[PDB]
Amino acid sequence: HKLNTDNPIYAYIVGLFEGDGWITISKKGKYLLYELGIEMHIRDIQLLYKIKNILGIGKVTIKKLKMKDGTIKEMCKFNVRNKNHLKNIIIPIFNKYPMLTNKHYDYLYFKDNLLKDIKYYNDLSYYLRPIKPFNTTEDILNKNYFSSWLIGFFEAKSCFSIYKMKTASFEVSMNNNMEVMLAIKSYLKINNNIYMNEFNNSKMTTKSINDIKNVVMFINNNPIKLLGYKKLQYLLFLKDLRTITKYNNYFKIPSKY
Amino acid sequence: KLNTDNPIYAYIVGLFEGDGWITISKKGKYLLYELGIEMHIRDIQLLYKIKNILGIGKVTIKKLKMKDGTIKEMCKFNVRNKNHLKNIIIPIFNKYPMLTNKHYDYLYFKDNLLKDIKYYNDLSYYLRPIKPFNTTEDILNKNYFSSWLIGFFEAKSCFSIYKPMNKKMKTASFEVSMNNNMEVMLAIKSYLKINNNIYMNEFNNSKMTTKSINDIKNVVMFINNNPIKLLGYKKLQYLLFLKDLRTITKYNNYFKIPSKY
């Protein structure tokens with residue numbers, strides 16, 4: 001039979017791969033390599049096995065990076081290279097819950113070529129990701145799987161931090177995709193968000209007490225959950241937030257997640 | 001080991017708890033273990049979705065030969081393979097436990113299956129406890145209640161629009177079929193902030209009903225905002241309900257009825 005895709009966690013997966021993964025076609029001599037992949041830190045290796053498990057396809061590997069200094073850094077990776085697996089599992093998932101940013105174009109190209117069985121590099125047309133945003137902030141807000149996509153995006157690109165009395169902030173690393181950032185600001189009713197640019201490291205942040213409450217309650221009330229390290233950071237964040245007077249009193253920081 | 005992080009499995013448990021069964025039955029000296037569910041033909045596509053989501057099981061059509069000479073139809077989905085039950089079904093129900101007394105059927109089913117009981121003679125006696133397993137507060141404390149609720153609504157809720165012959169205009173009502181689950185019914189009333197519900201008993205038809213504009217508002221928004229959706233006929237009934245609800249002045253003026261589910 002075919003892949004049933006009415007399950008929201010597949011939207012969470014798209015969010016995760018849109019944030020930190022990739023779906024490309026590359027030149028392997030006179031042949032082509034099609035690959036859906038994602039690389040994360042060792043702290044998220046279990047998350048990659050979870051992905052492998054949910055998708056039923058793929059391979060989890062560990063890569064050793066030879067640093068300049070002579071040391072070795074580690075990363076873990078999940079990828080799918082089997083053409084039939086891509087056509088039967090991945091295509092249907094992304095068709096059902098397409099990516100939100102311009103990265104979506106990478107998908108259409110990947111898909112068009114894959115389904116046409118292009119295998120020699122010389123039969124492959126030229127491609128450069130468009131600079132125009134595929135969707136407007138309102139097209140995003142009209143998508144009924146936004147909140148699910150968002151947990152996967154947060155899993156990959158959000159950050160919870162408590163710093164020195166004390167203050168709490170929620171940030172989302174952006175890679176010039178304001179339409180998505182505005183959809184998030186709106187959907188979550190975040191008011192005191194300040195944008196930044198630290199070494200072209202553009203991000204969106206907020207520390208106000210109500211904004212934090214809104215973020216915590218959206219994350220907490222969503223049936224779609226953080227699965228890897230990001231979940232631990234979140235739970236540690238709450239653990240801390242409970243000790244900060246102005247926050248723990250302003251609302252009921254939940255104890256179950 | 002099966003990954004059970006997907007809340008749609010809680011929806012599945014919610015659906016089976018409402019219209020399904022998980023039992024051990026005799027077959028002479030042997031024992032049949034079965035997770036099963038029977039629905040009307042209108043939901044045959046839904047059974048196929050369950051099948052593809054669980055990755056196991058079989059869908060069949062049953063012909064009930066009535067005494068009047070007519071053949072009535074129903075469709076069914078079931079899992080009988082011991083390995084499939086141990087490796088898929090057990091982990092799901094362990095992760096997202098049923099909420100009513102029916103949960104006892106599960107524990108019983110699971111203890112025997114794991115102990116590898118094969119003969120009816122080795123089967124200890126069993127009668128589903130009468131006292132509820134959970135309290136309303138225990139229910140409200142489960143973090144997967146809202147996902148379970150959709151599967152349970154898929155099976156036991158009912159959206160109806162109609163014009164009684166004693167009132168000039170149509171009324172909107174949401175009802176949930178009862179079955180000795182008042183602790184669960186109270187958790188729903190509480191969780192959905194329902195304030196004008198009434199109870200029915202039309203031919204032992206214990207159920208909960210509400211027609212108040214605010215109650216209906218709460219139900220429609222809960223359903224529409226949930227990432228976990230109605231997948232079968234119930235969904236179609238839900239969508240036809242909204243389309244009509246839009247034409248009833250008192251409900252339409254009270255709140256913004258969603259146009260996309």
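FYI, side chains are in, hydrogens and waters are out, and symmetry mates aren't considered; it's all heavy atoms of this structure. A, B, ... follow the sequence lines: proteins, then strands. Residue 1 opens every chain.
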Could you check whether atom [atom1] of [X] has more than 12 heavy atoms from other residues, nucleotides or ligands sitting under 6.0 Å from it?
X     : atom1 : result
A:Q46 : CD    : no
B:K82 : NZ    : yes
B:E73 : CD    : yes
B:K95 : NZ    : no

>> Quick check on side-chain contact (heavy atoms from CB on, under 4.5 Å): which of A:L3, A:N4, A:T5 does B:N52 satisfy it with?
In response: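 Only match with B:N52 under side-chain contact (heavy atoms from CB on, under 4.5 Å): A:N4.
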> Between A:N222 and chain B, which part of the residue has a heavy atom less than 4.5 Å away: side chain, backbone, both or neither?
Replying inline: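 Just the side chain, heavy atoms under 4.5 Å.
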> What part of B:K51 gets closer than 4.5 Å to chain A, counting heavy atoms only: side chain, backbone, both or neither?
Replying inline: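 Side chain of B:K51 only, per the 4.5 Å heavy-atom cut-off to chain A.
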>> Side chains of A:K225 and B:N6: any donor to acceptor distance under 3.5 Å?
In response: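 Looking only at side-chain atoms, A:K225 and B:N6 do not form any donor-acceptor pair under 3.5 Å.
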>> So which atom in A:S147 and which in B:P227 form the shortest heavy-atom distance, rounded to 0.1 Å?
In response: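 Smallest heavy-atom distance, with atoms named: OG-CG, 4.1 Å.
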>> Check this for me: does any side-chain nitrogen of one of B:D5 and A:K50 sit under 4.0 Å from a carboxylate oxygen of the other?
In response: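 A salt bridge is present here (some side-chain N lies under 4.0 Å from a carboxylate O).
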